[PDB]
Number of protein chains: 4
Amino acid sequence: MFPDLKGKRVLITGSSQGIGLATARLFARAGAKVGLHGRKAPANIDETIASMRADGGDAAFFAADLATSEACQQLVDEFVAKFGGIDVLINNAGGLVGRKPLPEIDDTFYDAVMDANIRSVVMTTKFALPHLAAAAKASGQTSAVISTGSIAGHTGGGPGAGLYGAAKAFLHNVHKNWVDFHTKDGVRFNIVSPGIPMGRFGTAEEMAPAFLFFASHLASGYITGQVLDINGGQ
Amino acid sequence: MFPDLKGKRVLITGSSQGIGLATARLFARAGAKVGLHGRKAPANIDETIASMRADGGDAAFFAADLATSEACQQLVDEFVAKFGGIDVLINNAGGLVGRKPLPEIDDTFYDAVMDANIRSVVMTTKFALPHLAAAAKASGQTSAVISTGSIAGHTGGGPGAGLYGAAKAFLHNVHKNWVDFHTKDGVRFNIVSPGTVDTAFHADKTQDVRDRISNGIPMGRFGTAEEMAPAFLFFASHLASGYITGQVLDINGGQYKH
Amino acid sequence: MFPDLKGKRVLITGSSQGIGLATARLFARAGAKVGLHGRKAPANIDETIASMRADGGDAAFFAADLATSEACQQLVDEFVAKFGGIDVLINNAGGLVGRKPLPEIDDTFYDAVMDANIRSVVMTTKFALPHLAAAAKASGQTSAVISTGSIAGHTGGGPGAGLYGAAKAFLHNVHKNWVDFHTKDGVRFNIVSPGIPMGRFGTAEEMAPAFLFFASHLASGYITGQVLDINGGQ
Amino acid sequence: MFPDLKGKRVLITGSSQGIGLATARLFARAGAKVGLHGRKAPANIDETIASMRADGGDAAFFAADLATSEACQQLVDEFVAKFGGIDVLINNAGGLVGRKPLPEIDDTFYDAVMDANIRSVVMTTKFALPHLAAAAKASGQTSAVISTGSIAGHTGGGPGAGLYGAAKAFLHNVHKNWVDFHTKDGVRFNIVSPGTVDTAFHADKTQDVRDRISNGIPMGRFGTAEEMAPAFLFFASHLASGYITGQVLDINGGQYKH
């Protein structure tokens, strides 16, 4: 959607389905080289890659459970081995995991939610950072980190979702620290967050352009530390 | 920057210079029909209009002081008479008026700041609304209102700018009400909130002050007017942002306080 | 409710009824000298003053419509003529005025809401400031400004209440400027803001202690620029 | 500071020193029965307990590292065994652990910060909740949970403190969920969020750094632990704050960024 995305090396965690996949398809159309990721390879992964290549981009799939640091390191290393560097990281791995009210929150549930939603983002960003910085140094422009937030990161998680909302609030805040200390490395950090004034739920296609906007130096070069909610007024 | 902006009728208040102008230019490059506005025509207005038309857009200039409701209604009426409707309203008119500490804020100054920055936005949006709604009904998509906020609307105005910051905070909030009651009219309301931008707005600042500010911004400099523009087009494009409403997007290089 | 409120000179705008009056009664119990205010004197004003004096404080009533600057100046002057200075200003004048949707917002309604809710606060604070500063200089402690906000100043006004919510948001912000530029004058600026998790609406008595807390240097001497919502989780 | 605190059973995690201790002292002066807590007893613990008892309150010390759920459950159980129930929980345990830039954040450090600051609050609140609810049911009023946030939870952690700031932001948010689902249990949840306070927390800072910070704070200095305490009592008192829940109160002398 932006001319300066052509050839950009874009790693998108949690892109085997949903918003992540929709976003990956848009980047490929823009001519980007896209790292697809999930815990397991989709059965139709070859078709998806073929389509992304037909659309004028490139794609490769990487399997990993990003709940551990070693998996985050391996994903980054595999992606760089394939495409030679990183221009854009999209942290979209994560999710609800399950729903448990406070009296039912044990260690196993806590660890599941916190590792899936926070450790994944912190460690993947950590390992991607030197690559993102090197890319920005080489181009004289900016590299981009975009993490997926939630409306719950603003006003709290729903039933059984206390930890999920708070985990997303964590991400909103840690990005502020990353802005303060890594703007000097040429990396911009922004967040997209996929009763309702619009009277309907949003689609995956409606969440995707915002990711490309935040990824494009042309579009958003002076924009960092932002949280863009896509919620039809919710 | 987005293909669905071609032919869109875009009224941009405060677009003679600076952010408003840079934004107008980008819209015309996208093929939009742009209403340019200021209190009086700038010396370069013919050149500006020519460039916008060469780009495949269109442009017409409208003079108004939007401090009164009558001027807001007349601007909207004149714009509709020229272009036939409204798809996008950008409320960018406003300004400091001056810098006065609290002890020096008399009615003249208070009224000047409040009318320039708040009444202008409320009344211009009011008069544009039926047109924006009709356009959305006709297209089956959405029309857009985008208002210019400020970093000051989050963390407070600087020296003598207490009313200016608070006026911008007013705009940030009133948009929430408009989302709640006019989303059903097919209108999306969003805010672009510039930080410190290298425009006439900050031309009074000494080199020492500019340097001080620049050193405190993570990106190490003031923004440019051109760095503000893409966000407006993004919010104006149903293709790009059709499920986005009631957002405030800060363009500040990491800066959150004056 | 706090021992250091004894003898404090407390001007409370919009205190002839409701939250303002309830707050005034608490200050008088704490031994404060209280300026009561409304557009018109209540029919039972003499009884109210007598009660406040019986409770160990003092009270006087001042009539004014604070929609104009001259009325704000006159109120401050009358209060200082009566009590000799100002330690605490509570800006509680204001209100909805009426309910009009955007297409019905004309100049007369706009002016009504904006003057009642914003001009009143800006001008009363302006005229009270030199007195507040002199009081803080003399005691070596702090003087206090407390303005009444609303939940609407955070999440927007309800039906026909767009301007009211936004006016309260204005107050939230202008206080930040006043913190930046008048903390040096020994004045603290805070806000109290009187579907619902608690399953009930709040009372005037439940809104009052927060005002005394923010007014007491002992309780809140390092606290400024705050907004305390009293809404049962709303 | 409030008459209804007399006899209240108040568990304060991280109360050996600093803010937690100053808060504990003020509660005991109000006649409360206070649970003091740290990883190990401070040298002055007998003196502290003596002073609190002389004031007409009571105090007992409980050792725990609240990084594990087991330790949180044991603390709550031991407190209830001593005092018979819980009226107020103050979650003040936490800390930096260390300062590490993002490249240096390994699992050991991450786990240490996250467990110390988040798991501690989640698990201690979980185990205290049935007691807090029973106390509120019995009194016909409310019990209170107050957690210590931070300025950093709003605007981000400083050098090497990215996880600490974000952990505090986590606490600010999770309280919203607890309000939504446990208000019906008669428990109010509020946060006291200190700015820069003159405690052991900042003892590592050079004079140059302390001076720099102090000059940027509107009130011109770090806060004291004693300046934090009244807010906790305010939030703990049903008399004072019975209709107040889900609030975050910053005590920062006008400072909003590190």
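So, how was this worked out
- Residues numbered from 1 in each chain as written, not as in the entry; some residues may be left out.
- Chains lettered and ligands numbered in written order.
- Heavy atoms only, no water.
- UniProt positions renumbered as here; feature names shortened; annotations may be inferred.
- Helix = DSSP H or I, 4+ residues; strand = E, 2+ residues; numbered from the N terminus.
- Buried < 20%, exposed > 50% of the residue type's maximum accessible area, 1.4 Å probe, protein only.
- Contact = heavy atoms within 4.5 Å.
- Pairing = 2+ DSSP bridges.
- Axes fitted to C-alpha atoms, helices over the stretch in contact; angles between N-to-C directions.
- Salt bridge = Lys/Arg side-chain N within 4 Å of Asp/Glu carboxyl O.

As stated in the entry header, the method of structure determination is X-ray crystallography and the reported resolution is 1.65 Å.

Chain B carries the name Carbonyl reductase in the PDB entry, which gives Sphingomonas sp. as its organism. As recorded in the PDB, the entry bears the title "Crystal structure of aldose reductase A1-R responsible for alginate metabolism". Its UniProt record gives chain B a comment under Sequence similarities (unreviewed entry), which states: "Belongs to the short-chain dehydrogenases/reductases (SDR) family."

Looking at the PDB entry, one finds chain A named Carbonyl reductase, with Sphingomonas sp. as its source organism. Under the UniProt heading Sequence similarities (unreviewed entry), the entry covering chain A gives this text: "Belongs to the short-chain dehydrogenases/reductases (SDR) family."

Caption draft 1: A look at the side chain of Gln247(D). Assignment of secondary structure puts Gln247(D) in the loop between α9 (238-241) and β7 (248-251). On the accessibility criterion, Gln247(D) (9% relative accessible area) is buried.

Caption draft 2: A look at the arrangement of the chains. In this view chain A stays clear of chain C, with the nearest C-alpha atoms of the two still 11 Å from each other. Spatially, chain B is disjoint from chain D: no contact exists, and the shortest C-alpha separation is 9 Å.

Caption draft 3: Broad picture of the sheet that holds strand β2 (residues 33-38) of chain C. Residues and elements named next belong to chain C. Across the sheet, which stays open at both edges, the 7 strands sit in the order β3-β2-β1-β4-β5-β6-β7 with parallel pairing between neighbours. Only two strands of the sheet have a single partner each, and these edge strands are β3 (58-63) and β7 (227-229). Averaged over neighbouring strand pairs, the angle between their axes works out to 15° when direction is ignored. Where strand β6 (residues 187-193) and β7 come together, 3 bridges link them in parallel fashion.

Caption draft 4: Geometry of the pattern of salt bridges. Inspection of the entire model under this criterion finds 34 salt bridges over all chains. Note that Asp58(B) is salt-bridged to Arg53(B), the shortest N-O span being 2.8 Å. For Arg53(B), a relative accessible area of 44% corresponds to the partly exposed category. One salt-bridge network, in which partners are shared between bridges, spans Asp107(A), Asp111(A), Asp115(D) and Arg119(D).

Caption draft 5: Main features of the UniProt feature "domain: Ketoreductase" (unreviewed entry) in chain A. The residues that UniProt annotates with the feature "domain: Ketoreductase" (unreviewed entry) are residues 8-181 of chain A. The distance from the first to the last C-alpha atom of residues 8-181 of chain A is 24 Å, and the span holds 54% helix and 15% strand.

Caption draft 6: Representation of the UniProt feature "domain: Ketoreductase" (unreviewed entry) in chain B within the structure. The UniProt record marks residues 8-181 of chain B with the feature "domain: Ketoreductase" (unreviewed entry), using the residue numbering of this structure. Helix makes up 54% of residues 8-181 of chain B and strand makes up 15%, while its end C-alpha atoms are separated by 24 Å.

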